[PDB]
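Right, one structure below, let's go through it.
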Amino acid sequence: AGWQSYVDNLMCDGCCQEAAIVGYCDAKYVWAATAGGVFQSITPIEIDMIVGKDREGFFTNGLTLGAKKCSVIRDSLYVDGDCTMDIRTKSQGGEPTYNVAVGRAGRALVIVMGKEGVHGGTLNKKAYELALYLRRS
Amino acid sequence: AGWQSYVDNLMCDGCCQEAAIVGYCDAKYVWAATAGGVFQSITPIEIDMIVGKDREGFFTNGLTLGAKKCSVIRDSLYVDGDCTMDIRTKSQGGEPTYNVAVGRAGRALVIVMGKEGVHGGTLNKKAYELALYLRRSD
Amino acid sequence: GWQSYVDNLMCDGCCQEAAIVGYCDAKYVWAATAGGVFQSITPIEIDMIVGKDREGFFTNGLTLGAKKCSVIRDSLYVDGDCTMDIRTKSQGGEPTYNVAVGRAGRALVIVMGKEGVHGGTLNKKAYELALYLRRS
Amino acid sequence: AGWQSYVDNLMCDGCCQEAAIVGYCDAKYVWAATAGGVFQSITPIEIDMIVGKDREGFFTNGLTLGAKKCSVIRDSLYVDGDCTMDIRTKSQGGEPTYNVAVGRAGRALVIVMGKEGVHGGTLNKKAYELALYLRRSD
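Protein chains in written order, with UniProt numbering: chain A, 2 to 138; chain B, 2 to 139; chain C, 3 to 138; chain D, 2 to 139.
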C-alpha cells in the first residue's frame, strides 16, 4: 500500500541488496528506500542527471547515486518500447561492482541495486515490470 | 498453427527490417522468417551458439545469424527474470550496423533485427514482450 | 495485419471462431474467422458490448452477428480486468457455446469456444491477448 | 520475501478486505493471512473441498472458507488455460455478499476476498496473476 511496500516487493526475491522509489517530476525526492543503503541519499540533482534531456553526458562523466560513483551501460529511459537504464557501480577498495537498473514510470523512478553477481538483465526486467505496473496504476 | 503469423505482427510497427521464429530444442531450425533476409538462412549450428552452455565463447569470437557477422552486447538468455540477448551486426566497409534481439520462450526463439538507428532497448523489449506472451500461454 | 491475430487464436483448436473488432473510431470488424457469425458483427452490436449501460444486456441479452446471447459476467471496465464472459443461446436442438471478449486499447478480441470448452479457458485466452496488446 | 509479504502484495491496492496464501499439497494449512480475518481459520478439510476431485459437490451444497458459508460462481481451477475459482460469500445479517477468488499455483492457493462492491473480475485477475507468478517460481 505504502511506497515502502513497493521497495519490499522489489527486495522480495533476494537478488537486490537495495531498492528505491524516487520521484522525478514535481515530487523530486526519495519516496522510499532500503533502510541504511546509499539510495536513501539520492539527491534531486542526481535525479535530474538520470532523467535529464542530455543522454550523452553521463556516458563520458558517469553519474552518482547516493554519492556512489557509477557508469551508464545502456540508456533506454526514453526510447520506443522501453523505459530503463542499465547502470553499474564503480569498484573502490577491492569491492565488486554492482549492477543497477532504473525503471521510469509516469511520476516515479524504480531503482534497484543487485547483490554481487546478479545480472543486469535480471535487474532490467525487474525495474521494467514495476515501472509498467505503476504506469497502468 | 502458423508461426509466419507472429513474424508479421513483429513487422507491424515498422522499426524492424527482419523478424523470425526459430526453434532451439527438437525443431532446431527456422519456423518462420522475413522473406529475403538473413534470419531466413539460420542454420542449426548457429542456433546452438545462441542457446549453448558456453555464455563466453560468443563474446570473445562473436556469432553469426544467416551467416552475418555479429557481436553480443549482453546475454540475459538464461539469467533470472530475463530471456533476451542483445546483439548487433558488424560493419564491413563502413555501412550502418543494425541491432538485434533474441527472446527465449518455451521451445521457441523470437529474433528481430532493427532498421538503422533503432535502439537495442526497443528490440530487447519487443522480443521480451512476445516471449513473455508465449510463456504465459504455456 | 489483424487477420494474423484471428488465425493465431484458432491455433490451439479450442475455438470455433475468433475476431478483432474496433469499438472506438473504427467501430466495425477488423478481422474475423470466415464462415462464422463474428464476421457479421454490427456497430450497434459493438455499442451494446462497450456501452455505458452495464445492465441492459443482462436483462435483455445481446447479439453477436445476429446470434442471440446471454451475458454471464461483465468485467470489461472493472479494475484489473478487461473481459466479458458470454454464452450463445440455444434456439432449439442446438448445443450452446461460450464466448469471451477481451478489451485492448482501441480493439476488442472476441473468441467463441467449441462445444464443451469452459468459459475460464476463453476468458484467459482473451485476457492474455488483450494484455499483450496493452503492454505492447 | 516471506509469505506475509505476498499477502501484503495482494492487499496493497485496497480492493481486498482480506487475503491469504494457503498450501494445498504436503503443507496443507494457512501459510499467511490477513490478521483478524476469516481466512486465518481456513481448515485442511475446507482446502480439500476447494482442490478436490469433485468439481460438482460445491455447486450443490456450497463450501465454507474459515467457517464462512460461500457459493461457487465459476470453477476453472483445473480447466485448460485457467487456474481460478470465483466464489462469493452468503449474506447473513443484512450484510453484503463479498466476492472471493482462488488462484492455484503449484504448491499453494492464492485466496482473496473483495470489499463491498468489488467486482469478481478484479479478484479473478488478482488471484490469477499471483498464482501465475508463483508458478514461474514453483
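Each residue gets a CB set at the ideal place from its N, CA and C atoms; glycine is no exception.
Mind listing the chain B neighbours of residue 2 (chain C)? Cutoff is C-beta to C-beta under 7 Å, in chain order.
It is not possible to answer for residue 2 (chain C), since the shown part of chain C is limited to 3 through 138.
To the nearest angstrom, report how far apart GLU19 (chain B) and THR35 (chain B) are at their CA atoms.
5 Å
Determine, for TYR134 (chain C), whether the minimum Cβ-Cβ distance to residues of chain B falls below 9 Å.
yes
Name the chain A residues whose beta carbon is nearer than 7 Å to that of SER6 (chain D)?
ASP9 and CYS13
Over the uninterrupted alpha helix (DSSP H) stretch that includes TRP32 (chain C), give me the two end residues.
Per DSSP, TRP32 (chain C) belongs to no alpha helix (DSSP H); it is in the beta strand (DSSP E), 31-34.
Under the rule that 16 or more other beta-carbon atoms within 10 Å means buried, what is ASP139 (chain B), buried or exposed?
exposed
List in chain order: all unbroken alpha helix (DSSP H) runs of 4+ residues lying wholly within the segment 23-68 of chain A.
45-52 and 58-62
So is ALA128 (chain D) in contact with chain A if we call contact Cβ pairs under 9 Å?
Residue-level contact check: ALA128 (chain D) does not touch chain A, since none of the beta carbons of chain A fall below 9 Å from its beta carbon.
Report yes or no: do the segment 34-53 of chain D and the segment 37-54 of chain A share at least 3 C-beta pairs separated by less than 8 Å?
no
Give me the subset of the segment 78-99 of chain C whose CB atoms are less than 7 Å from a CB atom of chain D, sorted by chain position.
Taking 7 Å as the upper bound on Cβ-Cβ separation, chain D lies near residues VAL80, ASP81, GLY82, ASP83 and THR85 of the segment 78-99 of chain C.
Just checking: is the beta-carbon of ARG108 (chain B) within a distance shorter than 9 Å of some beta-carbon in chain C?
no
Using DSSP with H/G/I as helix, E/B as strand and the rest coil, what is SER92 (chain B)?
coil
Helix, strand or coil: how does DSSP classify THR85 (chain A) here?
The answer is strand: DSSP assigns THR85 (chain A) an E or B state.
If you compare alpha carbons, which of D:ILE48, D:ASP9 and D:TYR7 is closest to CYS26 (chain D)?
D:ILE48
How would you write the range of the alpha helix (DSSP H) that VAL101 (chain C) sits in, first residue to last?
Note, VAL101 (chain C): premise wrong, no alpha helix (DSSP H); beta strand (DSSP E) at 100-105.
Would you mind telling me which residues of chain C sit closer than 7 Å to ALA2 (chain B), beta carbon to beta carbon, in chain order?
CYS13
CA-CA distance, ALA102 (chain D) and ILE88 (chain D)?
6 Å
Give me the Cβ distance between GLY82 (chain B) and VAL73 (chain B), rounded to the nearest whole Å; I'm assuming they're in contact under 8 Å.
So it is not a contact: roughly 19 Å between Cβ atoms.
So does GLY82 (chain D) have its beta carbon nearer than 8 Å to some heavy atom of the ligand GDP?
Ligands in the displayed structure: none, and consequently the ligand GDP is not present.
Measure the C-alpha to C-alpha separation of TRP4 (chain A) and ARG75 (chain C) and round it to an integer number of angstroms.
34 Å
Chain C partners of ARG137 (chain B), CB-CB under 7 Å?
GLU130
For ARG56 (chain D), which of D:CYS16, D:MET86 and D:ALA28 has the nearest alpha-carbon?
D:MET86
At 9 Å on the CB atoms, spell out the chain D contacts of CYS16 (chain C), in chain order.
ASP81 and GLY82
Specify the secondary structure class of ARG136 (chain B) as computed by DSSP and reduced to three states.
If DSSP states are grouped into helix, strand and coil, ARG136 (chain B) belongs with the helices.
Go ahead and label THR90 (chain D) buried or exposed: buried means 16 or more other beta carbons lie within 10 angstroms of its beta carbon, across all protein chains shown.
Looking at its Cβ environment, which holds 16 or more other Cβ atoms inside 10 Å, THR90 (chain D) is buried.
Interface residues of chain C around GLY121 (chain D) at Cβ under 9 Å?
Neighbours of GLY121 (chain D) across chain C, judged by C-beta separation under 9 Å: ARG75, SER77, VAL80 and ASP83.
Can you give me the C-alpha to C-alpha distance between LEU131 (chain C) and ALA68 (chain B), rounded to a whole angstrom?
34 Å
Counting only the same chain and skipping the five closest in sequence on each side, list residues whose C-beta sits under 8 Å from that of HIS120 (chain B).
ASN100
Step through the CB atoms of chain A and report whether any lies within less than 9 Å of the CB of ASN125 (chain B).
yes
Out of A:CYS84, A:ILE112 and A:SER92, point me to the one whose CA is closest to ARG136 (chain A)'s CA.
A:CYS84
Nearest to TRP32 (chain B) by alpha carbon, out of B:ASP14, B:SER6 and B:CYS16?
The shortest CA-to-CA distance from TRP32 (chain B) to any of B:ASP14, B:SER6 and B:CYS16 is the one to B:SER6.
For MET12 (chain B), which of helix, strand or coil comes out of DSSP?
coil
If you follow the beta strand (DSSP E) that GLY115 (chain C) is in, where does it begin and where does it stop?
109-115
Report the residue from A:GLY94, A:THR61, A:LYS29 and A:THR123 whose alpha carbon sits nearest the alpha carbon of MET114 (chain A).
A:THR123
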